[PDB]
Structures are given as C-alpha cells and as structure tokens.
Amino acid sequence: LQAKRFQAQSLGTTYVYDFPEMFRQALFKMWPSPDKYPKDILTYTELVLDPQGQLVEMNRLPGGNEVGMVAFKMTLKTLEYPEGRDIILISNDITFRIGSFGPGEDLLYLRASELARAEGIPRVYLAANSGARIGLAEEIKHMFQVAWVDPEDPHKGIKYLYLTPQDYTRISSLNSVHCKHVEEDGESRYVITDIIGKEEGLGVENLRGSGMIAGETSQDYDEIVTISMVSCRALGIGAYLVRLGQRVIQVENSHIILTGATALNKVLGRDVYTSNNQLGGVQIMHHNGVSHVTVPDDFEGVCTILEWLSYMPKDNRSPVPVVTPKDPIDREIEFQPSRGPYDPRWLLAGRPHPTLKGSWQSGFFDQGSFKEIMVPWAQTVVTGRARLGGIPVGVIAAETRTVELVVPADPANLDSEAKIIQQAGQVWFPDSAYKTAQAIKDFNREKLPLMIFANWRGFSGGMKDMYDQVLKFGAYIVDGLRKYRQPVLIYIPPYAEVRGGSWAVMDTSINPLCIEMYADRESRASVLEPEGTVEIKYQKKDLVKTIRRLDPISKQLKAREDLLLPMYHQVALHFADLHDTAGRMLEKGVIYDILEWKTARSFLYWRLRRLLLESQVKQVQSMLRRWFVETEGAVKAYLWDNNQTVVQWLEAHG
C-alpha cells in the first residue's frame, strides 16, 4: 500500500487508489455553507473486468490490480445536483509496468468508455502513461543461434538466425516461432523466418488496441462529455487519447509527448532536446490550444474538473443545470464599453471599481461565474463558460486590444530565435478562427447554449495569414454554427462593430432554429467601414458637387475647394456611418431587436430562459402559441412577444 504510494509521489503524481478521496474532499470545498454538508457526498463502485472480458461493478481493497488501468463509476453530490450526478472515472496506474498500455489496459479503457457512452454520463480520464507496451520473445532470446557470413570474423554480416532441432521441438506446437527446416554444412537447423512469441502485447497487436481506444474516444467526444487530466506524462497513445477528448487540464511539470527527448536525439543523431517538458510541457500545450487550463497540483485539477462539470447537464438526455441566482436579473450593468480598446473580460465578468475600494463594477454575467479556457492561445478571441441568472452558457468574445504571440525558438536550428508577433484587435487570425470554431464544437457537445459578443472588422487578408490558412479556418466557423443544437445568442455591444466577412460567418440564416441577432443602440454593421465605402461611392467629384451645393462662398473656386476638401471628406465619412446603424439592421430584419447595454442582461436572460423552456417542451411551435392563447386568452395574445410573461407561463403550465 505505502510502497505504491511512494512510487507515485516520487514520480510527482497521485497514486490511482487515492484519487476518489481527492474527489470526496474537493466536493466539501465546492459545497456551500457548513454545517449542512450532505450525507454520502461521494459514492462509487470500482470497475473491473471478469475473465469473460466483460466489465463488473465489484468493490475490492486498494492495490489489488491485475492490469495498469483503474476505472470507477461514481455518484457525486453538487450544488447543481444535490441528490447526485454520475461519471465514469478512468485512470492509468503509473506503478504497474510504468503506466504502459497492454491489451488488459486498452480493454478496460474501452469497456468503461463504452459504459459511459451507453449511459451518456461524463467520461473523466486521468493520464499518467508510457504509451503502448513493448516486448521481445525472452524464451527465444536465451535459445536462438547465429549463422555468420564468415565464422571467424563477426564482420561481413549474418546469413540468418536459427534454432537447434532439439529446441524447435521443445517449444512445440506453442506457435512462438515460424521456422523453415534447413540442412546446412552437415547439421539440421531451423531458420527463424518470423518470431511470434508465446505472449500477448509484444508488438503490432498493441496498436490494434490503441486504434480501438482512439476510435472510441473519437466517438465519445461526439455523444458524451469527455474531460482528460494529464498528470506526470501522456505518451503516444496516451497523448492522442487526451486530444480526442478535447478538454485537457495539464498539471505543471507534466508533458504531452509523442516521442521522447532521448529517442528523438538518438534518431536525429545530435543532442537537440534537453527534456520531455521542453517538447510538450505547459509552455507548448497551454500556448497552442491543446491544453484548456493549467493547475499546480493533481488536487487543483480534480477541482477544475468539478468546476467545468458544474456548467454541464447530468447526462446527454438532461437540460443545463440552472441554479437559483445570488446575483439579480433586475440589475443594470455598471461597466460601460468604450469607443477605443478595452479588455472584453470586463464586459463579461465585470471588474473591481477603478477608483473606489472594495467596490465591484458589475458585468454582463453573474459575479464570479466567468471561467475562461485556452487563455494563452489565440488571444484575439476570448473563450470560456459563465452563468446568466444561473443558466450556464458557452462564451465567445472578440478582443479589441492588440495582442502578443511569442513563437518559441526551434532547438533544431541553432540559428533560430523566438519570433514576437502583434495581432490587431477585432480580427480573426488563422489561430483565432480555429479557437472560435473549436469552442463552438466543444460547447455544442456539452449541450450548452452559446453567447457571442461580436466585435469583428474581418478576417486577416495578409499574405502570411492567407498562406497560413485563414480561408480554411474561417469556413469551420460557418459549419460549427450550422451544426449547433442549442440556443445561439449573437450580441454586438455598444461601440462594437461587425463588418463584411465577419457577419457572413455568423448570420441567422446559417442556423435560423438557434441563431438570434441582437445589436446595441450604439453598435455598427456594414460591408466596409465608412472609409472604404467613401472611397468607392463618395469620390472627389461628388465631394466637389457637395461643396458647390452647401458652401455659400462656392458660387478662385479651386482656392475655396482645396481648403474644404478634408472637411467635406469628414462629412462623407459621417454620412456613410449613418447607413451602418442598428436602426437600419432592424428595418431590414437582419437582427431580432436593438438592445440597450444597461438593460441587456435582463432582456437576454428572459429570452434565454424562454428558448430553453420552449425547446424542452418540444422534446409544434403553433401548438405552443395556441396553448398560450387557450390558457391566458386571445385578449392576452400580444404578451406572446414578452419573454418574462412566457417564461413565468411555461414554468407554471406543465
């Protein structure tokens, strides 16, 4: 017990059978107000496989593992689900054969993953592995013979390897070797054509059990909630498993590798790499978007899992867990967006008052609810989870400030150095387009609604960015949104803009059943900005036609026009901006309704509470409207355009 408990702590990780006590303890932390802690906060049954190759809920004593993989079906008690929520907890045993994957490790991972898929409950995976198992025939190793090209003289080569007829006969019929009988020199010998071995998990068959678990993981992300935690290391198959599950928590001083540092130096020849953390540590994986969040220790990772889960429904057949809000809906929004650049997280989470202490300047979402993912990667777009009157939502927000990308130096070219790049705010770069698509896909498979705070000038059209695939990454936004199954609320806040190519990828017509567009009183939208519109449709000739109409002096002339030209151009710009308003967006029907920031929280809440209520009842629209008319009256029918009325009605009638 303490021998395995030492081997794990010496490797910096948590011993596998101690993990459920980290879950029971973190549930106490997440729980609000003691004394009133619930009875049986954490209940579980260890998942083991029987000799029939089938899973069984049998409960034993810790340490008694015959395979280097441990799974548990658990029931957790949370503020979201106080009676309990179920998950499947798979984990690698870092003590047993150094966390390698053999047939028995692949099979348990598969059968527990298939059980979570059948129930539709979250699959939480704990990674600490050495990848697929490796093996040579040790029986054949201590018996095999060599036939040299010159028996003097090891140089010149080898003809083949053989077995003495006594030894070929001794290993039966056991099927461990394929041999061709040969009469050479004067002795009978069995040329080893193929080495098979009388053991499982020696080569090729460990890849079939790797493909098996990759395909299952691939499919789970599409039907259930998958979460992966990297502790110590994730190698080859272990690294691909975390990726296919998409939501990765990387502990500090851990690595997500495909091949090791020594292995890569051995192939390349020279000593390129220093460590495995270099190749796939936090500085690589938290920065390129493979890792969603970093944590100091395994305990903190256990907390981040439950934290993410608190935004997610119980299973794939249950709605989002809406909780009684502590922060009211009847409040205005203290924080006010500026015309110039600002941090979009203020717009979401609020901020401490700029001058006053210890005051808080409120934001769109409920205080303390805004939890961001993929923070260091593709900083021109903000991705995360939040709560709106207790409704957990997926959050996507454009960054308006110029950001800093630090491409690290390539240890492979000794003349390489870190490339520093500036990325302009309100722009979808190849990376930010990828991030926006990825968060769309991830939040859709969590069965979460989506909230986008829109502020985009367009996609980057520069040579490098076009070479780097912006066209391909922008197309993935259009499809992520088309495939969206829950409500999508698109909002342009005050002094924000959505221009040409950006609107086209998120418009109501891509998915009208989910997408709804809301524009602020002070927001803008058009094909080009006024400058672009002015240069094509409001040229110098028209500009001179305007002076010779409005200027009373313009009745010599060239002296008067050349003075007013930069002034009547400012006129043209202002004229063009008047065609880009929310007033025009409403007249044309491209948006649902014009919003006012201070009251946008309360409006969007009731509209969101409505849509989620309306969809559950459906799991047909005219049927819902007629049932309102039937119960409230044909005289009250005008209130069907009022969300609070309809919300309070749906919550009552049912």
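Residue positions are given as counts along the sequence shown, with the first one as 1.
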In this entry, is the chain continuous from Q619 to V620, or are deposited residues missing in between (none, 1 to 3, 4 to 9, 10 or more)?
10 or more
Count of coordinate-less deposited residues separating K156 and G157, as none, 1 to 3, 4 to 9, or 10 or more?
none
Using only the Cα atoms and their B-factors as the entry lists them, report which of 429-437 and 271-279 averages higher.
271-279
Mean C-alpha B-factor comparison - 28-36 and 586-594, higher one:
28-36
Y342, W456, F96, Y568, ranked by C-alpha B-factor: the highest one:
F96
Out of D167, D222, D366, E535, which one has a C-alpha B factor higher than all the others in the entry?
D167
Position of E152 among the chain's modelled residues by C-alpha B-factor, lowest, middle or highest third:
highest
In terms of its chain's C-alpha B-factors, the third that includes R609 is the middle
Among the chain's modelled residues, which third holds the C-alpha B-factor of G104?
highest
Place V629 in the lowest, middle or highest third of its chain's C-alpha B-factors, as listed in the PDB entry.
middle
Can you tell me which third, lowest, middle or highest, the CA B-factor of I257 falls into for its chain?
lowest
